[PDB]
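Structure record follows, encoded as structure tokens.
Number of protein chains: 4
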Amino acid sequence: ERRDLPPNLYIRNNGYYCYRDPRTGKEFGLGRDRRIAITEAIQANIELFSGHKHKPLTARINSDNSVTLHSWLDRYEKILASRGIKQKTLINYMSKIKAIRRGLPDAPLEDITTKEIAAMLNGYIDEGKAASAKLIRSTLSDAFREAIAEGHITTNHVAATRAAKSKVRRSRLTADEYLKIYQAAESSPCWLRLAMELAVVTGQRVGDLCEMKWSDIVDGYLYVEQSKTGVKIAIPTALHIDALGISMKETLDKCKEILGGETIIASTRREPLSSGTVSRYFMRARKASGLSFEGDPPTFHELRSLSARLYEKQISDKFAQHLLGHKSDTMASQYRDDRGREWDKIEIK
Amino acid sequence: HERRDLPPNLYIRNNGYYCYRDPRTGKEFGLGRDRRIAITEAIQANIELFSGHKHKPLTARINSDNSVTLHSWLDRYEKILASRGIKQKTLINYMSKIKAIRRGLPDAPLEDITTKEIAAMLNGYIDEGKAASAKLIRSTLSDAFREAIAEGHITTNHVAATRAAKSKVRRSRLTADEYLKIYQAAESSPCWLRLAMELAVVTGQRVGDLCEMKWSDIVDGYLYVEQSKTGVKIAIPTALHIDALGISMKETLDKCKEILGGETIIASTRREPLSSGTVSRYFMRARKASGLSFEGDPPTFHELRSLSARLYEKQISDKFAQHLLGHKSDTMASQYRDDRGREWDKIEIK
Amino acid sequence: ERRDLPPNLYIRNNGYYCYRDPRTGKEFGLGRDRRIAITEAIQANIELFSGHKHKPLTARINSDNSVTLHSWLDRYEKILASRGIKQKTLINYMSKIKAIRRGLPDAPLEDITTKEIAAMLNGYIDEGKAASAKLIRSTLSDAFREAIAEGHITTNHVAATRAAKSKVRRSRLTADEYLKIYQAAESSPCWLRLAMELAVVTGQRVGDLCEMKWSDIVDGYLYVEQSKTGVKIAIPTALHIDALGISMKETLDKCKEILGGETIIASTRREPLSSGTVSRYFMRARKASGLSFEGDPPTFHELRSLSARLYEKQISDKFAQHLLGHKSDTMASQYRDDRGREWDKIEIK
Amino acid sequence: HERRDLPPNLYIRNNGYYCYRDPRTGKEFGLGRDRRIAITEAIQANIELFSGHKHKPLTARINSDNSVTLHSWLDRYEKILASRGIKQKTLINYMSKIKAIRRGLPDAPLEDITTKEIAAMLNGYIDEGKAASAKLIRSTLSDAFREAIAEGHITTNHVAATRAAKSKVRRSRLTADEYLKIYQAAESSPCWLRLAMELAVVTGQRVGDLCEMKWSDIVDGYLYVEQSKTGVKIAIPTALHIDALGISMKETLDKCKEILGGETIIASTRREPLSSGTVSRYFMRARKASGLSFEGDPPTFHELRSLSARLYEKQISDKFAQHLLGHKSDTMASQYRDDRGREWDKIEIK
DNA sequence: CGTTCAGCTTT
DNA sequence: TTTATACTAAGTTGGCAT
DNA sequence: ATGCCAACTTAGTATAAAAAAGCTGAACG
DNA sequence: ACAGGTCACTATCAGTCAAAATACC
DNA sequence: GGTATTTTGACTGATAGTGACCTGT
DNA sequence: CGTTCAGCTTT
DNA sequence: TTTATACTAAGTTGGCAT
DNA sequence: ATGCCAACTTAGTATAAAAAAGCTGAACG
DNA sequence: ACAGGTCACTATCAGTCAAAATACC
DNA sequence: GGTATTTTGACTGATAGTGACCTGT
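Chains as they are written, first to last, in the authors' numbering: chain A, 8 to 356; chain B, 7 to 356; chain A', 8 to 356; chain B', 7 to 356. A prime marks a further copy of an entry chain.
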């Protein structure tokens, strides 16, 4: 040749210049102006080294006014702190944000793409953390909605994302399985078995269980104000689960002598238990039982459903619903769900 | 002014450094020394902003029917509301929210009023814990803007993108024991206060309606009430009796006609009709005087109606409570029936 | 002076030229270029004569591609014809369109303003035809939505309009009033009284009433398939309205002898009646009764509500609801509405 | 090419008439003879269109990750659906709708695909009365577009602005008398058809599940069915009996094991399991052979389940019908319970 | 005692 | 025929530190 | 034995604009 | 010594307003 | 006579170039 | 008799 | 506390024409 | 007497995407 | 006679593609 | 040797000026 043509740039028969993106291999037309052609090509080949943009003035102006992701997330945390949400709730959010920080760059909100967000989320889905994905997506979407209401963005680049599937893996618990575990929990601290009984017979959540004080029992009724919902109920000490042969009263007595503390359930040192701990030992006794389940094993919380289902058949739907504290039927008809374990025997009633 | 091919918005520095100046912010931007490139991008940026510079006075015939100011508009919006045909009280609620807007936003051209600005104001209210207000102000702001859009003074409603602040009712409920206790503190107060309290609980009516019951509204064992708030028309049988508080509607009425003596069932010492505000106010006096303590905001006279509902719900029937209160479907009831965290659900083995 | 300055155009101290709209009185800046200034002013003063635009090329291009209101409405009628709607329904729509044709110009859809639409609607509201306004608005909005789904517009300039108030003026009918009318209907053709009885006792709509054939009564049940809803019911001839002393059976007998035709209700010539006619004579007997009502008087249709309300108290809510054919409770709880006439006596039940 | 200050898109005629030519339509526009004015407006119009002409190959780095074609995309969209983890049948339903799209739209760049075009296709289906299809095709089209937006191949979903066509079910219901009549025509058909018909009515199960009941699914007076469609798991008591049709589940099963003899309760003459399509098909044969006439579309084998539901609803209970069918809440039931205009509501004096 | 204005929260 | 939605508040269980 | 952080999966609860009141500190007679 | 850009400050923009000038019933 | 509508020019809050002037390196 | 493919309508 | 929404299908009653 | 058009006010009925089937004319052995 | 604009038709756009040329492990 | 990535130029479906040429007046 006889050319200064820089690489990537070709000249055609008429003298028409074209660039060739080497990543796509598709070319681009420049014109006949070799001076301008080369010029642009140089600037294009410099972008191939590193991605530093001779960014237009337009974009520059839109950007230096508008707000950055991580910066918005700092602000966002402040918004939540003000929603009047419970501490745990805030803890959860913080977590999702933390994830968002790891997953997305700190660039102009307006410049985070649906594609980018999508990529992150699938990242969670491919590790099998579909749940986390759904939640993260949610949080991000809400952070965006807020970015919108304070007028930093204008549209929600997430509203466009694949809101993950919601398959529930934890297996339900059958009465028999309960018994087998109950037995395996022989070599476990005394409070476990008791915890377990108290749980099924009251149908309260582990959190609330572990906070029940003897001073909450007045005239044969156990007063409970549920931490998660604020529902307030009085449970008659006179309950009985005929199917498992559990008596609330009898069980309350064993707790009184064997456990003795201010809290109905207590440690070997007469001190209150962390709900996690209780959950933990149940798990242990469960492994020690050596039972087999499809997918994920039942957990301590599953005693609630077992309670409800057991009181469903022994007493009534309504009782079960009241004992659990569901103002809504959507929830009650969900604890009534067997999740593939049991066959619904159709009665001619 | 010049000796330059320099397009607008681009200034040259003493060294020959070219920068674009955004006119919206007034902050400038660095380009480099390559005037050819500098101007080039400046033109492109000028196209994004001030596309052109010209406006055929024809374009005057366009942007004309457009230019108006928030306050000059609020002024017009008021008159609109005046023709809407709404009750005096409502209009008052509205006018107030407008006023808040007037003190919260600049009198700029509607078109220039930012979502960001609005939210800023709205958040001002939320941060002072006046969330309730924030909602209503937002609500009204949105309505004004709509109307301006109707008259094509704007194209877009910038309020819409903003969200409504959610706010949990604070006000606490009133338990029978508490009522009794308040009633006791009532002894220093006028005779009518007690009678009002009793009547309020037994009849379950709104204080506004209570204050307007006349003796002529009683016929053949029935107290006729046409509710001022909703237009619901009911007749209450003068035979009711609250068991938990030992109140007799007959007896209470009786005490009323002998002691109070006036054209209205409740009446001032001066034997004249009472304002609903006063009934409330005096009750509030008693409540303080009773020294009770509550979570959140303290119960007010309107809480006597919820107590009423709740007691009747048990003594008689849910169905009854509804009818007494004057609730049309099966929905608004499920609200007065609610005790908002004051009661323990005694589980029966049924 | 020493100027050709055209009218409306002033020159300021620096030599700055301004136009003055004479309708607003606000001025407009042109520049220092007297040649251009005048030029533009001329073109502006010519627009003051008539409104003919030296319309830009931009608008010209957007317009000659896009679609016209009346033209869209012609098309629109075709869309409805295809929705599978009943004839009356179509008749109503046609009407609203006709109104739209009278109310709005035949210009580019994209160029009909919220303001213009608004103006029309208020026009109806000020004549006191609030109802019509609501319906028109509706129709127009739907025509627009359709213009949107076939990609002619992009936004619904109506979604922004004041959807009118919906006050219902027609007064309900009390049993007494029924009686007084029933009596006033002495000098009216025999079929009126009968119509009236049959109506209250069956609770069917006038349309359906006037189409009942003797061949629709099998084994003591009156078979009815309601024209407006397609509901199908069988009414026992054994009904009775104790409050008005009406017997369905007795009434059916009088119709058989005195009226005799294929249709249960018939004219003096033994021929079927147009529902309008029946409505008309009721009205007449109503005037002749000389009763006074607040707002609008009751009409024949109000016998339905009276029927329902009467059967509510005599028999049951459920019966009344079934007899009327309401699958929904929203409707039934609406015929239960007294509309300011009667005081709901609270029973201790 | 020229000797002209003429900007692009503006051509001059032999008389000296200037016109702008819209490049999108290709139709030109008249301006006049005033070249100064002509060009002026042409520039303004050129700014609205092709703002500029330049694209820093930097702008290549932008529009690159953008350009893709409907069919090249449908190709990619397929593979996506393949990873979605859906049942074979579903995927099949989807692939079909894609195919319709492939035959209905040009293989143009996504960005260029108009709402107007889409609707045009969609209306094509509606006008042939295939409304049902129109809905589903629309639905899937929308999903594909979303996915492309996710991969930033487009910015906007042009399907969204389009509406879903509403379509009333045509298919008529099956009355007990009709069933009987069809059963009678069945005599020419295989022995299994009748047995299937009976079993279908008595058990109220989906034909797909019927065909897969094995004799081993019966234990201690109970027929266990895990529904293929929904995963619902039920046990049917082999004691049921439809009164209006004189069917005995025991008897019908009995006839089955003696006559049919195969591993499945219903079985082919060849003593092998039957396809659900065939059961349906043969029923359809009978229906024609019976000579009955109906409004709208004729009843099919799946209509035996509605008959089932309806009869049981009366004979036993609404509650029962639900449980038999396998319906979780209190909602999906209120559908099978519906007779869609086949029955007269006998009014009782209750 | 008891009223009207205002700015907030509740039906 | 089934589910979705937008928040909120847990429960589950692996680890590292006492 | 144990206690507390951290990343994940699961329970729980439900509309939003209009319209109309009701509450209560001030200033006032 | 300089990239990068903030900052007060005039000369003109762009236009409002209230008398003076003048047209219309 | 008596009101309404242009001219006209004094008077005023904005803008956009300007060169002086901060500042992190 | 009985199967799979396809294009439509229904759960 | 009450209402909204998006269609669809009537009923109501004034007139002009038989 | 009446019948049919026309402009108005009132009744009536309710989600929309995913997922999974079921129906039935052809061509085929 | 002309406003207003449609219509086929080249010369170049703008770029794809598959060998030739050449660089990289 | 053996694969991958530039050059290069023949080859191709688009576009935008063009003057000839319809048409309602």
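All C-beta atoms in this analysis are idealised placements derived from N, C-alpha and C, irrespective of residue type, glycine included.
Measure how close the beta-carbons of residue i and residue j come, nearest whole angstrom, since I'm counting them as under 8 Å.
i: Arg291/B; j: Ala315/B; result: Between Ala315/B and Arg291/B the Cβ distance is about 24 Å, and since that is not below 8 Å, they are no contact.
i: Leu76/A; j: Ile104/A; result: Between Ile104/A and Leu76/A the Cβ distance is about 11 Å, and since that is not below 8 Å, they are no contact.
i: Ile49/B'; j: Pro13/B'; result: 6 Å
i: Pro279/B; j: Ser178/B; result: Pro279/B to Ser178/B, Cβ: 30 Å. No contact.
i: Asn163/A; j: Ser145/A; result: Incorrect: roughly 12 Å between the Cβ atoms, too far for contact.
i: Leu116/A'; j: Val165/A'; result: About 11 Å; that fails the 8 Å criterion.
i: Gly158/A'; j: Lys122/B'; result: 3 Å
i: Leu310/A'; j: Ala206/A'; result: 4 Å
i: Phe151/B'; j: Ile160/B'; result: 7 Å
i: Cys197/A; j: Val285/A; result: In fact, because the Cβ distance is near 13 Å, the residues do not count as touching under 8 Å.
I want to verify the contact list: residues of chain B' whose CB lies under 8 Å from the CB of residue i, in sequence order.
i: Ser57/B; result: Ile53
i: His61/A; result: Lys62 and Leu64
Which residues in chain A sit within 7 Å of residue i, going by Cβ to Cβ distance?
i: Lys235/B'; result: By Cβ distance, chain A contributes nothing, its closest Cβ being about 15 Å from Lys235/B', past 7 Å.
i: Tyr131/B'; result: Near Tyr131/B' there are no residues of chain A at all, since even the closest Cβ is about 27 Å away, more than 7 Å.
Please check if any C-beta of chain A' sits within less than 9 Å of the C-beta of residue i.
i: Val238/B; result: yes
i: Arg316/B; result: no
i: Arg67/B; result: yes
Would you kindly report the start and end of the unbroken alpha helix (DSSP H) that includes residue i?
i: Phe56/A'; result: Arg41 to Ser57
i: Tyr83/B; result: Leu76 to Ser89
i: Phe35/B; result: From DSSP, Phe35/B is part of no alpha helix (DSSP H) but of the beta strand (DSSP E) over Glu34 to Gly38.
i: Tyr288/A; result: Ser282 to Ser296
i: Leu310/A; result: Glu309 to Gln321
Compare the C-beta of residue i against all C-beta atoms of chain B' and say whether one is closer than 9 Å.
i: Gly158/A'; result: yes
i: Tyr228/A'; result: yes
i: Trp221/A; result: no
List, in order along the chain, the chain A residues whose C-beta lies closer than 8 Å to that of residue i?
i: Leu330/B'; result: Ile353
Name the chain B' residues whose beta carbon is nearer than 7 Å to that of residue i?
i: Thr168/A; result: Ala156
i: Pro243/A'; result: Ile353 and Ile355
Let me see if you follow: with CB-CB separation under 9 Å, is residue i close to chain A or not?
i: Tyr342/B; result: no
Residues of chain A' with CB closer than 9 Å to the CB of residue i, please, in chain order.
i: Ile322/B; result: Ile355 and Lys356
Quick check: does the Cβ of residue i come within less than 8 Å of any heavy atom belonging to the ligand FAD?
i: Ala154/A; result: The ligand content of the structure shown is nil, which means the ligand FAD is not present either.
(request) With a floor of 4 residues, list each alpha helix (DSSP H) that falls wholly inside the segment 226–273 of chain B', ordered by position along the chain. (result) Contiguous alpha helix (DSSP H) elements confined to the segment 226–273 of chain B' occur at 255–261, taking only those with 4 or more residues.
(message) If we require 4 or more residues per run, which alpha helix (DSSP H) segments fall completely within the segment 115–154 of chain B'?
(response) Counting only runs that start and end inside the segment 115–154 of chain B', the alpha helix (DSSP H) elements of at least 4 residues fall at 121–133.
(request) Pick out the complete beta strand (DSSP E) segments inside the segment 162–218 of chain A', 3 residues or longer, and give them in chain order. (result) Qualifying beta strand (DSSP E) stretches: none in this window.
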